[PDB]
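# Compute the structure for the input listed below.
(chains A, B, C and D, ligands or ions: 1)
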Amino acid sequence: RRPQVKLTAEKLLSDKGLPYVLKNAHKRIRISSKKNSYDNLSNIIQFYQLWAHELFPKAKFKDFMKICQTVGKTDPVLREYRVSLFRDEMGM
Amino acid sequence: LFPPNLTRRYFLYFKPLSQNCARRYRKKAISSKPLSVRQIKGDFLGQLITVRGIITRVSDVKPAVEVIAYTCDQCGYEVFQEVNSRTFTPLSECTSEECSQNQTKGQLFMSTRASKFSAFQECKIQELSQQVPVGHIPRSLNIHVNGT
DNA sequence: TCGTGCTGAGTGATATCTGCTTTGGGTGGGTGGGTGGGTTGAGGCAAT
DNA sequence: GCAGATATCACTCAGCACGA
Ligand SMILES: [Zn+2]
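Numbers count the residues shown, from 1 in each chain, chains lettered A, B, ... in the order given. Please see the structure below:
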């Protein structure tokens, strides 16, 4: 009767998602030599889990990562953009 | 957004029409006219009436819930349910637009810190010895008291 | 070296279904009602 | 009319082999 919510390229490419990550990802995340490795890993996973929950509350963190892997493998439009970001850096 | 009754913090009560006012302006007062538990029949249901009698039982003040507040552990959204009967069925799944667009099966959990309560008392009123007809026993009428 | 159409498999939501009493007992009542029923006997203690 | 326990059917997804 109702199509299942699914992590499509459209949601990822929306303002919330990859654009949000590129906007503010280095400022919030911070790996410090003084702090232990566990704390830095916790901080990184803390940022990414919050972003995923804001974007895709449906799936847990590990499931979100696996779905992201599959989508990146499949979707061509996602590949287009992923190549594009790298291309801009080569330009820079 | 939220039900209107939730924000209300006042209680509205009606004062009957005194006999002096009714006679002053050429009218008959039905509400103020005292009655007895015997005369309160089914025809008076849904009206404002006065009853004269002696209280024979009172209960301890208890909180009667009027608006229940729930919290979704996923959305962060609160769901308010009005209760206007002697019994109600608690909500289980979130109905927020967030749980709808994402179709997440978030669970609602009751939170008594945000609900609305009103003091409740149940009493009994009985007829005086001057109102019981010969050969009849006194009757009792339940009274519900809410608010202040 | 690899991309995609076909398939079995397994949940999700939804269809029918049974059930909607239940129960012996006074901190479940009598505005829930008797076509839902409850039928002791000895022993201890206050009053005198 | 109402809540709960139960079983039914339909739809969609990850693997597989082949052909490009
Ligand atoms: Zn919710």
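
# The helix or strand in which residue B:65 is found and the ion, any residue contact?
Using DSSP states H and E, the element containing residue B:65 is strand B:62-72. Yes. Contact of strand B:62-72 with the ion (Cβ under 5 Å from the ion) involves residue B:72. (C-beta placed from N, C-alpha, C; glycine too.)

# quick one: residue B:78 and residue B:71 touch, right?
Yes. Here residue B:78 reaches residue B:71: they are 5.6 Å apart, a contact under Cβ atoms under 8 Å.

# between the two, what contacts are shared?
Taking Cβ atoms under 8 Å, 6 or more residues apart in numbering or on different chains as the contact rule, residue B:78 and residue B:71 both touch B:111, B:114.

# between these two, who's got more neighbours?
residue B:71 (18 against 15; other Cβ atoms under 10 Å in any protein chain shown).

# Please tell me how far that one sits from residue B:109.
Distance, residue B:71 to residue B:109, by Cβ to Cβ, to the nearest Å: 6 Å.

# cool, and residue B:6?
18 Å.

# Only the buried residues of the strand holding residue B:65, if you could.
B:65, B:66, B:67, B:68, B:69, B:70, B:71, B:72 (16 or more other Cβ atoms under 10 Å in any protein chain shown).

# Residue B:6 and residue B:109 - which one has more neighbours?
Neighbour count, other Cβ under 10 Å: between residue B:6 and residue B:109, residue B:6 has more, with 16 against 12.

# Check for me that that one belongs to a strand.
No. Looking at residue B:6 with DSSP: H, G, I helix; E, B strand; the rest coil, it is helix, so not inside a strand.

# pretty sure it contacts residue B:67?
Yes. Taking contacts as Cβ under 8 Å, residue B:6 lies within contact range of residue B:67: 4.8 Å.

# Touching both of those two, which residues are there?
In contact with both residue B:6 and residue B:67: B:80, B:116, using Cβ under 8 Å, 6+ apart.

# before we move on, back to that, for the buried residues of strand B:62-72, give me CSV that also has distance to chain A.
Putting these into CSV (distance: Cβ to the nearest Cβ, whole Å) gives the following:
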residue, distance to chain A
B:65, 30
B:66, 32
B:67, 27
B:68, 24
B:69, 22
B:70, 18
B:71, 15
B:72, 10
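
# what ranges do the strands span in chain B?
B:34-35, B:50-51, B:54-57, B:62-72, B:78-82, B:108-110, B:116-126, B:140-146 (DSSP state E).

# Quick one: closest of those strands to DNA strand D.
When these are compared for distance to DNA strand D using Cβ to the nearest atom of the strand, the nearest one is strand B:78-82, at 12.1 Å.

# what is the residue of chain B found nearest DNA strand C paired to in the beta sheet?
Nearest residue of chain B to DNA strand C: residue B:142, at 3.5 Å (Cβ to the nearest atom of the strand). Under DSSP bridges, the beta-bridge partners of residue B:142 are residue B:124.

# what residues are up against it?
Contacts were defined as Cβ under 8 Å, 6+ apart; by that measure residue B:142 touches B:122, B:123, B:124.

# what's the neighbour count on the residue nearest to residue B:54 when sequence neighbours are not counted?
Nearest non-adjacent residue to residue B:54, counting by Cβ to Cβ, 6 or more residues apart in numbering or on different chains: residue B:126, 5.4 Å away. By other Cβ under 10 Å, 18 other residues sit near residue B:126.

# how close does residue B:126 get to residue B:36?
From residue B:126 over to residue B:36 (counting by Cβ to Cβ), the distance is 10 Å.

# Mind listing the shared neighbours of the two?
Common neighbours of residue B:126 and residue B:36 (Cβ under 8 Å, 6+ apart) are residue B:53.

# how close does the residue in chain A that DNA strand C sits nearest to get to DNA strand D?
Closest approach between chain A and DNA strand C, counting by Cβ to the nearest atom of the strand: residue A:1, at 3.9 Å. Taking Cβ to the nearest atom of the strand, to the nearest Å as the measure, residue A:1 and DNA strand D are separated by 7 Å.
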